[PDB]
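Each of two forms of one protein chain follows alone as C-alpha cells, named structure 1 and structure 2.
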Structure 1
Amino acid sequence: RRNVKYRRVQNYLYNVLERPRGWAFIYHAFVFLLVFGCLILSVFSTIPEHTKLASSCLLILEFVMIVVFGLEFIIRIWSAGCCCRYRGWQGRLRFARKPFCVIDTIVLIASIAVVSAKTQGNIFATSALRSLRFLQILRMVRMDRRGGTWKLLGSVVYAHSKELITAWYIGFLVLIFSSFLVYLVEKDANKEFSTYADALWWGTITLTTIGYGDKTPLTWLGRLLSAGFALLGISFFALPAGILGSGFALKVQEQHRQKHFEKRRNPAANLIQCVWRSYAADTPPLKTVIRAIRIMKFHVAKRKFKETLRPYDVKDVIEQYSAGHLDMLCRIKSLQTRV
C-alpha cells in the first residue's frame, strides 16, 4: 500500500529527472533559464556600471540556484533507490560514483563556497568566485547524455570528410592567393596592408563575410581583385555551413531509422521466447495452466511484433517486399516443377 505509492512517485521523479520526456523537459527548461539567469548576471557583473545591481541580483539568484540545485540533488539521490540495482546505501554510493553525479556535487560545493566567500568578502575570495561562476556551465555539459551533440557533429564531419576537405582546401587556397595579390597591389598605397599578415587578416575577415571594415582595399586595382576573389571565397567559406547542415539532417534521419529498427529487437526476442515456451508446453492441471500462460504470452508478443513491423522507410518496405518476392520465386519454381 504505502510502498506501492512510494515507489510510484520515486519512479515518476526518476524518469522526470534522469530520463526526461515530454513535459519533464519543461522542468529542465525552467532550470536552464535559471542557468542563464546566472551566467548573464555574472557577465553583467563584469560591467563596472552595473556591478552593484548585477552583484545584488546575482547574490539573490545564487541563493535561489543553490536551493534549487540542492533540492534537485537530494531528489535525484532519493529517486535512484527506485531501481533494485541502486536500492539501499550501496545504491546511493554507486550513483554518487557516476561522473555526472560527482560533477553535480562539485558544482554544488563550488556554489556554496561562492556564497560563503561573498559573505566574507575577501579579495582573494573575489577571484575564487569569478572562477567558480564559470563552474555553472557544467550543468549544461551534464545535460546531454554523454556527448550526443559532440558525437553527432563528429559523425557528420567524418561522413562528409570528402566535401569538407575539398571546401577547406579550395577556400584556403583562395584565401592565401587573394590575400597575397591584394597585399601586392596595396602594400604601398594603403598603410593598413603594410605586411602580409595584415593582408591575411583582411582576407579572413572578408571571405568569411564578417567585413569589419578596419582594413579595406583602396586602389582601384585592389578593389577589383578583392571583389573578384571575394566572390569565390565567400561561397567556399559558406560551403562548410551548408555541408554540415545537410549532414546533420541526414545523420539524424539515419539515427532515427536505426532506432526504429532496434525497436524491433526486443519484441522479436520476446516473440521467439514465448514461441518456444508454447512449443515446450506440448501436475497435469499445472502443466495445462503453463501451456495457457505460454500461448497467451505468445499471442501478446506476436501482437507487439506485428505492431512494430510497420514499414518506416521505402527501403525497409521494399526489403520486406524482396523477402516476399524470393518466397514467391521459390513457390513459382516449385509450381513449374509440379506441372
Structure 2
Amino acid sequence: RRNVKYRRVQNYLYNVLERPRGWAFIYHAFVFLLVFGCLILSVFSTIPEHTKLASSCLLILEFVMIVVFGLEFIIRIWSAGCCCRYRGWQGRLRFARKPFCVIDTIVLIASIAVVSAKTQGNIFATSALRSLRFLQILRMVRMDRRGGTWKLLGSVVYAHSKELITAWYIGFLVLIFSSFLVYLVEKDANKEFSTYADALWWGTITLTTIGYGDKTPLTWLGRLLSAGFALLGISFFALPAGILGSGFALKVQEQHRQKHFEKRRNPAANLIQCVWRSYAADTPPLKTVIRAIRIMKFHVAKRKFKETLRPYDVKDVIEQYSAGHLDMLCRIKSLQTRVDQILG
C-alpha cells in the first residue's frame, strides 16, 4: 500500500523524466524554455546597454535553474527505481554514473559555483562566470536521448551520400567558375573584384542566395554572366537542402508504413504463452519433458521476434507471397498426382 504507492510515484516520476510521453513533454518543454531564456538573457547581458537589467534578471535565472535543476536531480536520483536495478546505495551510484547524469551534476556544480562567485565577486572569478554561463546548454544537450538527432541526421546524410557529394561537387565547380569569369569581366571596372579571393567571396554569397550586397557586379557583361551562373549555382547550392528534406520525408513515410504493418502480434503472443508454460512447468519425467519443450518454444519465439526486428519491406511481402505460391504449387501437383494414381 504505502510502500507500493511510493513505488508508484517513483515509477511515474521516472517515466515523466527519462521516458517522456504527453504531459512529460510539456514539462520538458518548460525546462527547455527556461534554459533557452537563460541563454537569451546571457546573450543580452553581453550587450553593454542591457548588461545592467539583463545581469540582474539573469542572476534570478541562475538560482531559478539552480533550485529547479537541483530538485530535478534529486527526483531523478530518488526515482529511477522503476527498473529496480538502481535501488539501494549501489544502484543509485550506478545510475549516477550515467553519462547524462554525470553531465547534469557537473552543470549543477558549475551553476552553484557561478552563484557563489557572483556573491564573492572576484575579477578572475567573474571572468570565469562569464565563461561558465554556457554550461546550461548541456541541459539543452541532455534533452535528446542518446543523441537521436545526430544519429538520424547522420543516417539520412549517409544514405544520400552520393547525391550530396555529387551535388556539392557540381555546385563547387559552378561557384569557382562563375567567380572567376566575373572576376575577369570585372577585375578592372569594379574595385571590389580586385583579387580572385574577392570574386570567390562574391560567388559564395551569390550562389548561396545570401546576397549581402557588399560586392555586386557593375559591368553589364558581368551582370549577364552573374545571372546565368546564378541560376545554375543557386539550383546546385540549394540542392542539398532539398535532397535531405526529401530523404527525411521519405524515411518518415517508410517508418509510418512499417509501424502500421509491423509483425509483432503473433510472435509476441506465442512467446508469452510458451514462457508462462515453461515458468509453470519449472508424471515427473513427462512434466520435465514438457518443460523442455516449452522452453524451446520460448527460445524459438525469441528467435522469430529477433528476425522480425528487421523492418518490413518489399522483401518480406514478396517472400511470403512466394512461400504461399510454392506451398499451393506443391500441394496441388500432389493432388493431381494422387488423382492420377486413382485413375490408374
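Here, residue number means position along structure 1's sequence, counting from 1. Heads up, when I say rigid core I mean the largest set of C-alphas that superpose within 1.5 Å between the two forms.
Checklist line | Which of 293, 43, 31, 59 is displaced between the two structures by 2 angstroms or more at its C-alpha, rigid core aligned | finding: That would be 293.
Notebook entry, point to check: Under a superposition restricted to the rigid core, does residue 262 display a Cα displacement of 2 angstroms or more between the two structures?
Noted result: Yes, the C-alpha position differs by at least 2 Å between the two structures.
Item checked: Yes/no, residue 311 Cα shift of 2 Å or more between the two structures with rigid core fixed -> After core superposition, the displacement of the residue 311 C-alpha between the two structures reaches the 2 Å mark, so yes.
Margin query: Aligned on the rigid core, do the two forms place the Cα of residue 110 2 Å or more apart, comparing between the two structures?
Written below: Residue 110: C-alpha displaced by less than 2 Å between the two structures.
Next item on the list: Provide the displacement, in Å, of the CA of residue 327 between the two structures, taking the core as the superposition reference.
Entry: Its C-alpha position differs by 4.3 Å.
Check: So, with the core fitted, how far does residue 302 move at its Cα between the two structures, in angstrom?
Finding: With the cores aligned, its C-alpha sits 14.8 Å away.
Checklist line | Value in Å for the CA shift of residue 250 between the two structures, taken after the core is superposed | finding: That residue's C-alpha sits 2.2 Å away in the other form.
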